[PDB]
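Let me begin by presenting the structure, written as C-alpha cells, before commenting on it.
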Amino acid sequence: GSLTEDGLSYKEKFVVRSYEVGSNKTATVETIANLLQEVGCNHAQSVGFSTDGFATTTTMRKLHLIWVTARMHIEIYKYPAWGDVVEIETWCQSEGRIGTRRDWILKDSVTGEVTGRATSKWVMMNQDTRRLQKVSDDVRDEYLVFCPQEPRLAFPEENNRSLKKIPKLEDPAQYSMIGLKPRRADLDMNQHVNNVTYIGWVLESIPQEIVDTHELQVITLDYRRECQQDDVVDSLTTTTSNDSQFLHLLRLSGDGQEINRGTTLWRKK
Amino acid sequence: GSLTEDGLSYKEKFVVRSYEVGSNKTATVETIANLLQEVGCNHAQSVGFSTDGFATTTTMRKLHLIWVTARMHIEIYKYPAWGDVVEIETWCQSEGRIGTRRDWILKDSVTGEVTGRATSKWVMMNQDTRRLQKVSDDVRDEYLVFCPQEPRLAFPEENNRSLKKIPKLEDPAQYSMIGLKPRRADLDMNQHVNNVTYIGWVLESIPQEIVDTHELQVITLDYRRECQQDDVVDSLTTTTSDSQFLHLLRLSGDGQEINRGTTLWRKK
Ligand SMILES: Cc1ncsc1C(=O)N1CCNC(=O)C1
Ligand SMILES: Cc1ncsc1C(=O)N1CCNC(=O)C1
C-alpha cells in the first residue's frame, strides 16, 4: 500500500483469500469491512498517527482522547471472487466540531471499475470517563495536514442512504438470534470487540433462505454502546419491505440495553 | 505465491494485518492457522486440484471422496508482529493407505530464520455416507506427481510431540466455556465449520491470566467429528503440569466428543 501522489489519500491491493469467501465463492461483507479497516489503519500509520492501535494525534494523546465509530455505511455492487485482486482507496475528512469521516472506494484491480463504496463517521471520546466530546481547534488543524481541503465524498448525492435516520425496532421482532458472545478472535489488539463483529451479529438474524437467494447491497449500522468481552447479545430483525429491506437491533440479552441499530437492502440473485 | 523450482513445494509471503493480532501486537495462533490453510489452498490450485473448496483429484471425484482433517499440530517460536512479512513453505506427502500429510515451515522474511512449523494429517472420507476410507492405489499414484519421493518432514525427530496419543479429559474439568455456537463468519465456502474455529473454541476455556502472562508454544488438536451450523459446543480444559493443558470440545447437549487436544505455554 501507499499514499497517492498528492499525499491526501491512500491505496492498497488485496488478494481475496480462501477462508474470506462465502457460498458464492465471493468475499463476505465482513471480509470487505475487515479490508476497509486494514487499509484505514495503514493510511493512519503512513500520515504519522500512533502505532498502538488507537490512531491518535499528539493533541489527542495530551487530552486522553480516542476516536470511536458512530456509523458505518457500505454499498457493494460486485463482491470480489476468491483469488481476485481488489484495490481500495481511502481518505479522511474533518466535519467541524461534530467529528471526522473516513471514506473508501473499492475497485476491480483488472478492469478499474468501482465495485463498492463506504463511509464511516467517528466521534471523539475521553478514554477515561468514556464521555463523548466535540473536536477541538488544535485537532481540526492537524486534520488539514493530510485531508483534502475541498469536499471529497464517497456518497455525494442530494438524498443518500448513508445519512438516513434509523428507527428502533419494536418487539416482537420477526426474526432473532439469541445468546451471541464474542470469543478472543472477535477482540482487537486493545481487547475491545472489533467493529466488524457487530456486522456479523446483525446478519445472524437474517433467515438463511434470504442469504441463499439474495445478495447484500447496502448496510447502514449505528454504534450506540460497546459490547464488553463478558457481555451476551441478542440480534433482532424485522422485514420493512425484487428488493428486500430489513430493520435490525442488537441489544444486551439481559436488560435489553441497545448496542446497535441498522438497516440492510438485499437484491434478488 | 509460487511453486519452488523443483515444483514439489510452494511458498507465499503474507503481511500481518491490524485485525489479525492480539494484545501483544503479534499474530494470534488462529491467524497463523488461517495463513497455513490459505497457502495450502494456493498450493493445491497450482498443482491442478479442483477449484471448488474441496481440493479433490480426478479419481477422488469419480469415487465421491474428500479429504477430512484428523489432526493439526502447530509449534511457534516467534509470532510475527503487526506489519511484519512472514514466508510460509508447504508441501504434501502420502502415508501409504492411511491418508496424507500437509507440512509447513514459517520464516521471518527479513532474517530467513524459522519462526514456526506445522503438520496436519488428512484422511479419506466418502462425501455421501460420511464413512472414513483408506487411500486407493490410483490416488497414491497422483500424489507422486507433486510430492517429494524422499521423506520430507516438518517434525523429523523420532518420538516427537506431533505424533503423541491424547487422552480424554475426565469430568469435572478445571475450566470451561459453555454454549459456544458458530456464526456465518465461522463457515467455509462449502458451509462447513472452518477447522480454525475449533482452535479458537479450544482456547476459550484457557484462563485469561494464562494468556496475559504466557505465550502459546505448541498446540496438538485431534478432529473426531464435525460441529454442524446448528450445534452448540462446550470447551473444557484441565491443567496437566511451562504450563500444559488437556482440552476437550463436546456437544452441549449429549456430550458427544468433537475434538481433544493439548497446549504447551511458556512464561513471557
Ligand atoms: C485517522 C482517523 N481519523 C478518524 S478515524 C481514523 C482512523 O484511521 N482510525 C483507524 C484506526 N483506529 C481508529 O480508532 C480510527
Ligand atoms: C492436496 C491436499 N492433500 C491433502 S490435504 C490437501 C489440501 O491441500 N487441502 C486444502 C484444501 N482442502 C482440503 O480438503 C485439503
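Side-chain atoms are counted along with the backbone in the values below, which use heavy atoms only and exclude waters and symmetry mates. Just so it is clear: chains get the letters A, B, ... in the order the sequence lines come, proteins before strands, and each one is counted from 1. We count ligands from 1, going down the list as the structure has it; atoms in each ligand are counted the same way.
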List in chain and number order the residues that pass salt bridge (charged side-chain N to carboxylate O under 4.0 Å, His left out) with A:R140, two or more places apart in sequence or in another chain; answer none if no residue qualifies. A:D137
Excluding sequence neighbours, so at least two apart, what forms ring-ring contact (aromatic ring centres under 6.0 Å, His included) with A:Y79? none
Show the short N or O contacts, below 3.5 Å, that ligand 1 makes with protein N or O atoms; if there are none, say 'none'.
| from | atom 1 | to | atom 2 | distance (Å) |
| --- | --- | --- | --- | --- |
| ligand 1 | 3 (N) | A:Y143 | OH | 2.5 |
| ligand 1 | 8 (O) | A:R102 | NH2 | 3.0 |

Please collect all ring-ring contact (aromatic ring centres under 6.0 Å, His included) contacts where either partner lies in residues 52-73 of chain A, sequence neighbours excluded, each pair once. A:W67-A:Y143, A:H73-A:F155
B:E38-B:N42 side chain donor-acceptor pair, cut-off 3.5 Å: yes
On a heavy-atom basis, the closest approach of B:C41 and A:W82 is CB-CZ2, 4.5 Å
Scanning both residues in full, the closest heavy-atom pair of A:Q37 with A:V196 reads NE2-CG2, 3.9 Å
